[PDB]
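Raw contents of run36.txt, compact mmCIF, C-alpha atoms and all ligand atoms:
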```txt
# COMPACT_ATOMS: atom_id res chain seq x y z
CA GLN I 25 28.41 0.92 -1.04
CA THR I 26 26.53 -1.12 -3.62
CA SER I 27 25.64 -4.71 -2.51
CA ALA I 28 25.15 -7.77 -4.83
CA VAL I 29 21.39 -7.43 -4.22
CA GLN I 30 21.42 -3.76 -5.23
CA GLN I 31 23.37 -4.62 -8.41
CA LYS I 32 20.80 -7.25 -9.33
CA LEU I 33 17.95 -4.80 -8.70
CA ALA I 34 19.77 -2.28 -10.97
CA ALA I 35 20.06 -4.93 -13.74
CA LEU I 36 16.34 -5.77 -13.36
CA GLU I 37 15.52 -2.04 -13.54
CA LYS I 38 17.68 -1.52 -16.66
CA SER I 39 15.84 -4.37 -18.50
CA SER I 40 12.41 -3.06 -17.37
CA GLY I 41 12.74 0.42 -19.02
CA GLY I 42 11.18 2.02 -15.86
CA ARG I 43 12.19 3.23 -12.41
CA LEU I 44 12.14 0.74 -9.49
CA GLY I 45 12.09 1.53 -5.77
CA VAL I 46 12.59 -1.15 -3.11
CA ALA I 47 12.78 -1.15 0.67
CA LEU I 48 13.17 -4.25 2.84
CA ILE I 49 13.19 -4.37 6.66
CA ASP I 50 14.22 -7.76 8.07
CA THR I 51 12.82 -7.80 11.63
CA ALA I 52 15.30 -10.76 12.44
CA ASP I 53 18.05 -8.05 12.83
CA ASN I 54 16.32 -4.73 11.85
CA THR I 55 18.59 -4.49 8.80
CA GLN I 56 17.46 -2.89 5.58
CA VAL I 57 18.02 -3.19 1.90
CA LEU I 59 17.15 -0.15 -0.20
CA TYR I 60 17.13 0.60 -3.92
CA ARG I 61 16.14 4.19 -4.74
CA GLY I 62 14.88 4.13 -1.15
CA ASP I 63 14.73 7.93 -0.76
CA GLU I 64 13.22 8.67 -4.19
CA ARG I 65 9.51 9.65 -4.40
CA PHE I 66 7.00 7.37 -6.18
CA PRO I 67 3.25 7.71 -6.69
CA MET I 68 1.49 5.44 -4.16
CA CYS I 69 -1.79 4.86 -6.05
CA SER I 70 -3.97 2.25 -4.19
CA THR I 71 -1.16 1.47 -1.71
CA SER I 72 -2.21 4.70 0.09
CA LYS I 73 -5.36 2.81 1.21
CA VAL I 74 -3.33 1.18 3.98
CA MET I 75 -2.64 4.55 5.63
CA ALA I 76 -6.32 5.61 5.34
CA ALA I 77 -7.65 2.32 6.76
CA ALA I 78 -5.09 2.50 9.60
CA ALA I 79 -6.06 6.10 10.40
CA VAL I 80 -9.76 5.01 10.82
CA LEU I 81 -8.60 2.07 12.96
CA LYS I 82 -6.75 4.60 15.15
CA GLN I 83 -9.99 6.67 15.48
CA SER I 84 -11.79 3.44 16.46
CA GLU I 85 -9.50 3.01 19.52
CA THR I 86 -11.57 5.73 21.28
CA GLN I 87 -14.95 4.80 19.69
CA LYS I 88 -15.91 1.14 20.16
CA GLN I 89 -18.81 1.36 17.66
CA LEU I 90 -17.04 3.45 14.94
CA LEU I 91 -16.38 0.46 12.63
CA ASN I 92 -20.16 -0.29 12.73
CA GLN I 93 -21.09 3.27 11.76
CA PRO I 94 -23.06 3.38 8.45
CA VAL I 95 -21.98 5.62 5.56
CA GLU I 96 -24.38 6.44 2.72
CA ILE I 97 -23.31 5.48 -0.83
CA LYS I 98 -24.98 7.56 -3.55
CA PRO I 99 -24.73 7.21 -7.36
CA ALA I 100 -22.57 10.36 -7.50
CA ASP I 101 -20.03 8.65 -5.21
CA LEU I 102 -19.05 5.97 -7.72
CA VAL I 103 -15.66 6.59 -9.39
CA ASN I 104 -13.50 4.48 -11.75
CA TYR I 105 -13.35 1.09 -9.89
CA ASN I 106 -16.11 0.33 -7.28
CA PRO I 107 -16.98 -3.33 -7.34
CA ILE I 108 -18.17 -3.47 -3.68
CA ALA I 109 -19.61 0.06 -3.33
CA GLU I 110 -21.72 -0.25 -6.49
CA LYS I 111 -23.74 -3.04 -4.84
CA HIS I 112 -24.71 -0.61 -2.05
CA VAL I 113 -25.69 2.48 -4.04
CA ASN I 114 -28.74 4.15 -2.42
CA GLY I 115 -27.82 2.22 0.74
CA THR I 116 -25.02 2.11 3.30
CA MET I 117 -21.77 0.39 4.17
CA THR I 118 -20.16 0.41 7.61
CA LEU I 119 -16.66 1.81 8.11
CA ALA I 120 -15.48 -1.82 8.60
CA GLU I 121 -17.07 -2.85 5.32
CA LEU I 122 -15.49 0.18 3.58
CA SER I 123 -12.07 -0.64 5.06
CA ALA I 124 -12.32 -4.30 3.97
CA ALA I 125 -13.51 -3.30 0.48
CA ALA I 126 -10.73 -0.70 0.11
CA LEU I 127 -7.96 -3.06 1.24
CA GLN I 128 -9.07 -6.45 -0.09
CA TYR I 129 -10.85 -5.51 -3.35
CA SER I 130 -9.13 -2.09 -3.93
CA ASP I 131 -12.52 -0.29 -4.10
CA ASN I 132 -11.85 3.39 -4.82
CA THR I 133 -15.28 4.62 -3.66
CA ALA I 134 -14.60 2.88 -0.34
CA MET I 135 -11.26 4.72 -0.13
CA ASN I 136 -13.03 8.06 -0.70
CA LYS I 137 -15.33 7.32 2.27
CA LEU I 138 -12.29 6.58 4.45
CA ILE I 139 -10.68 9.86 3.33
CA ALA I 140 -13.92 11.75 4.10
CA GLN I 141 -14.12 10.15 7.58
CA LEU I 142 -10.61 11.63 8.18
CA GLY I 143 -11.61 15.11 6.99
CA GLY I 144 -10.00 14.90 3.54
CA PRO I 145 -6.59 13.88 2.13
CA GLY I 146 -4.73 15.99 4.69
CA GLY I 147 -6.34 13.98 7.50
CA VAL I 148 -4.53 10.92 6.11
CA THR I 149 -1.25 12.86 5.98
CA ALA I 150 -1.82 14.06 9.58
CA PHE I 151 -2.16 10.44 10.76
CA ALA I 152 1.07 9.55 8.93
CA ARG I 153 2.80 12.38 10.81
CA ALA I 154 1.30 11.23 14.13
CA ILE I 155 2.93 7.75 13.65
CA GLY I 156 6.35 9.14 12.71
CA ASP I 157 6.12 9.24 8.88
CA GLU I 158 7.36 12.67 7.75
CA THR I 159 7.46 11.64 4.06
CA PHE I 160 4.01 10.34 3.08
CA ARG I 161 1.57 12.87 1.56
CA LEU I 162 -1.98 12.42 0.36
CA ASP I 163 -3.20 15.46 -1.57
CA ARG I 164 -6.18 14.23 -3.64
CA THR I 165 -9.11 11.81 -3.53
CA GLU I 166 -9.85 8.92 -5.90
CA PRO I 167 -9.45 8.74 -8.82
CA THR I 168 -7.11 11.69 -9.38
CA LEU I 169 -4.60 10.52 -6.75
CA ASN I 170 -3.51 7.94 -9.42
CA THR I 171 -2.33 10.34 -12.12
CA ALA I 172 1.27 9.34 -11.24
CA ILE I 173 2.89 12.11 -13.28
CA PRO I 174 6.69 11.95 -13.23
CA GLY I 175 8.12 14.65 -10.96
CA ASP I 176 4.73 15.44 -9.30
CA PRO I 177 5.07 15.33 -5.49
CA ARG I 178 1.32 14.88 -4.91
CA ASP I 179 0.21 11.53 -3.47
CA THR I 180 3.78 10.20 -3.15
CA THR I 181 6.07 8.62 -0.60
CA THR I 182 9.51 6.92 -0.57
CA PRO I 183 10.16 3.19 -0.28
CA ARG I 184 12.09 3.72 2.97
CA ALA I 185 9.28 5.68 4.64
CA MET I 186 6.51 3.33 3.53
CA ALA I 187 8.41 0.22 4.75
CA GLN I 188 9.00 1.84 8.16
CA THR I 189 5.36 2.86 8.46
CA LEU I 190 4.04 -0.54 7.35
CA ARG I 191 6.29 -2.17 9.97
CA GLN I 192 5.03 0.10 12.77
CA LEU I 193 1.37 -0.44 11.70
CA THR I 194 1.46 -4.24 11.34
CA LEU I 195 4.24 -5.50 13.61
CA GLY I 196 4.86 -2.51 15.96
CA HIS I 197 2.60 -0.41 18.19
CA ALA I 198 1.39 2.43 16.00
CA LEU I 199 -2.11 0.90 16.53
CA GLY I 200 -3.63 -0.80 19.56
CA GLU I 201 -3.33 -4.62 19.62
CA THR I 202 -6.85 -5.41 18.34
CA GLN I 203 -6.58 -2.79 15.60
CA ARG I 204 -3.16 -4.11 14.48
CA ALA I 205 -4.63 -7.64 14.33
CA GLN I 206 -7.57 -6.35 12.27
CA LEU I 207 -5.24 -4.60 9.80
CA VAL I 208 -3.13 -7.77 9.46
CA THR I 209 -6.26 -9.91 8.89
CA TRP I 210 -7.44 -7.51 6.18
CA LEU I 211 -4.04 -7.45 4.40
CA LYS I 212 -3.71 -11.27 4.58
CA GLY I 213 -7.12 -11.55 2.83
CA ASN I 214 -6.12 -9.33 -0.08
CA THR I 215 -7.49 -10.64 -3.40
CA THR I 216 -5.23 -8.67 -5.80
CA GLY I 217 -1.67 -9.67 -4.84
CA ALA I 218 -0.76 -13.09 -6.32
CA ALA I 219 1.10 -11.68 -9.35
CA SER I 220 3.17 -9.08 -7.38
CA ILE I 221 5.54 -9.51 -4.42
CA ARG I 222 4.13 -12.90 -3.50
CA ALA I 223 4.84 -14.31 -6.97
CA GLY I 224 8.60 -13.83 -6.26
CA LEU I 225 8.64 -15.53 -2.85
CA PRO I 226 8.67 -19.18 -1.75
CA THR I 227 5.17 -20.57 -1.72
CA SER I 228 5.43 -21.62 1.98
CA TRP I 229 5.78 -17.93 3.10
CA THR I 230 2.65 -16.07 4.26
CA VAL I 231 1.99 -12.58 2.75
CA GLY I 232 -0.37 -9.73 3.56
CA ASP I 233 -0.19 -6.97 0.97
CA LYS I 234 -1.78 -4.05 -0.78
CA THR I 235 -1.16 -3.44 -4.52
CA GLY I 236 -1.59 -0.30 -6.54
CA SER I 237 -1.51 0.79 -10.17
CA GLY I 238 -2.03 3.99 -12.04
CA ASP I 240 -0.99 6.01 -15.09
CA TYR I 241 2.63 5.89 -16.31
CA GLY I 242 2.39 2.11 -15.97
CA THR I 243 2.75 2.57 -12.22
CA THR I 244 2.77 -0.84 -10.53
CA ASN I 245 3.19 -1.08 -6.75
CA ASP I 246 2.98 -3.50 -3.84
CA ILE I 247 3.59 -3.13 -0.08
CA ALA I 248 3.77 -6.33 1.96
CA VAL I 249 4.31 -7.90 5.32
CA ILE I 250 5.80 -11.32 4.98
CA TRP I 251 5.92 -14.22 7.46
CA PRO I 252 8.81 -16.40 6.06
CA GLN I 254 9.03 -20.13 6.89
CA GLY I 255 11.50 -20.38 9.71
CA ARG I 256 12.26 -16.73 10.63
CA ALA I 257 11.08 -13.34 11.80
CA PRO I 258 8.74 -11.26 9.62
CA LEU I 259 9.88 -9.00 6.77
CA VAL I 260 8.40 -5.81 5.41
CA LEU I 261 8.91 -5.21 1.70
CA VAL I 262 7.87 -2.24 -0.51
CA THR I 263 8.25 -2.39 -4.30
CA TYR I 264 7.30 0.65 -6.39
CA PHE I 265 7.65 0.86 -10.18
CA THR I 266 6.78 3.60 -12.68
CA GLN I 267 7.45 4.14 -16.39
CA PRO I 268 8.07 7.10 -18.69
CA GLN I 269 4.95 7.00 -20.92
CA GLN I 270 1.47 7.84 -19.60
CA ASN I 271 -0.16 4.82 -21.31
CA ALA I 272 2.51 2.19 -20.25
CA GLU I 273 1.26 -1.28 -19.31
CA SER I 274 1.31 -2.68 -15.76
CA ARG I 275 4.44 -4.73 -14.89
CA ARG I 276 3.58 -6.86 -11.85
CA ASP I 277 6.26 -9.30 -13.00
CA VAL I 278 8.91 -6.64 -12.24
CA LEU I 279 7.68 -6.50 -8.63
CA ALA I 280 7.79 -10.31 -8.44
CA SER I 281 11.38 -10.24 -9.85
CA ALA I 282 12.40 -7.64 -7.25
CA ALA I 283 10.94 -9.75 -4.45
CA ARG I 284 12.75 -12.86 -5.80
CA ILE I 285 16.09 -10.97 -5.79
CA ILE I 286 15.41 -9.81 -2.18
CA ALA I 287 14.47 -13.35 -1.03
CA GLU I 288 17.58 -14.89 -2.72
CA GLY I 289 19.70 -12.26 -0.86
CA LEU I 290 18.55 -13.36 2.62
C1 LIG N 301 -5.32 1.46 -7.02
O1 LIG N 301 -4.15 1.60 -7.40
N1 LIG N 301 -6.31 1.38 -7.91
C2 LIG N 301 -7.68 0.78 -7.48
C3 LIG N 301 -7.69 -0.55 -8.27
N2 LIG N 301 -6.53 -1.33 -7.72
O2 LIG N 301 -6.74 -2.64 -8.01
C4 LIG N 301 -5.61 -3.41 -7.74
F1 LIG N 301 -5.41 -3.48 -6.45
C5 LIG N 301 -4.43 -2.76 -8.40
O3 LIG N 301 -4.51 -2.32 -9.53
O4 LIG N 301 -3.27 -2.67 -7.75
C6 LIG N 301 -7.44 -0.39 -9.77
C7 LIG N 301 -8.08 -1.40 -10.74
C8 LIG N 301 -6.64 0.62 -10.26
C9 LIG N 301 -6.00 1.67 -9.35
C10 LIG N 301 -6.46 3.01 -9.88
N3 LIG N 301 -5.68 3.66 -10.77
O5 LIG N 301 -7.55 3.47 -9.54
```

Represent the supplied structure as structure tokens.
Amino acid sequence: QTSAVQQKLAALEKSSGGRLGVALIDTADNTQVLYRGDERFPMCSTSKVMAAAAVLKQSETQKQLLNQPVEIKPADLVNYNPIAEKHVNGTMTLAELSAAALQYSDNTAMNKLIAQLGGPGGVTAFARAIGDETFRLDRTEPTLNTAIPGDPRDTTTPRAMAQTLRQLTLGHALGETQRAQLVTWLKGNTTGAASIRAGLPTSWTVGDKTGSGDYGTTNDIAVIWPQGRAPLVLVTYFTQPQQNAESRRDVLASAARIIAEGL
């Protein structure tokens, strides 16, 4: 069937010119709302959640891992490095790299997380270990953001990413202290106010990770603590037909507003 909410998301999509993917899990009843939920979208910076979680999982058997220093060299800087550039010719700990990746979207920090996992496939292997058969990371930063239509590299589906974000933040894919750390990091995101959270009531608490890339790709994945009810997980992915298209965070906000009105 097509629900009222799906029809509204289709009208939003038609006015946007691009392709919208949405997945909601309402943990009040475990019900879902999906729009293009099984179509593949480029993840861009939203893939940083899986990498940070995979290092948290390694830290469950190594109490000092998050304090381990990693060297940052000039050659390591890529296209967007506001935290790592302050530590060139020095070090950052794996905690500092995780925080920088998630809260400031530092792409050099992401590359150090990927390297700590043995390369992009180490991120994909963690996804598989927590039940996500869909996610794939194939490249490092910055080339994982090319977002070419039809390219399977560095993609997932809305349905898979919502399920995984639920298990990471609300379920038991991580140990309790690691889950709490991931939630603290997501709640302190600096980049999210124009995306999912802009479509939700102001009283609701959000932790999120955004992403953007070529083809006007504009993404957000969020855990939401609504006033008066059980948490939600919401994924909104958006991509456009022309390589140089502009970001459309307002489309993600509109999708979130439609989802919230449908509760
Ligand atoms: C991730 O998609 N990035 C890293 C960085 N992200 O910043 C915000 F979080 C965001 O854009 O969602 C930037 C500025 C761009 C992309 C990228 N293409 O590297």

Exercise. What is the atom CA of residue I:94 to atom CA of residue I:237 distance in Å?
Worked result: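 Answer for the atom CA of residue I:94 to atom CA of residue I:237 separation: 28.6 Å.
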
Problem set entry | Surrounding residues of stretch 30-47 of chain I excluding itself and chain neighbours under 3 positions, 9 Å, all atoms listed in the file, as a ChimeraX atom specification | /I:26-27,56-57,59-66,182-188,242,260-268,275,278-279,281-283,285-286

Problem set entry | Residues within 12 Å of residue I:108, all atoms listed in the file, excluding chain neighbours under 4 positions, as a list in words |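 Residues meeting the cut-off are residues 97, 102, 103, 112, 113, 116, 117, 121, 122, 123, 124, 125, 126, 127, 128, 129, 130, 131, 132, 133, 134 and 135 of chain I.
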
For this session: Quote the spacing between atom CA of residue I:272 and atom CA of residue I:215 in Å to one decimal place.
Result: 23.4 Å

Problem set entry | Shell around residue I:77 at 7 Å using all atoms listed in the file, local window under 4 positions removed, as a list in words |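 Near neighbours after the sequence-gap exclusion: residues 73, 81, 123 and 138 of chain I.
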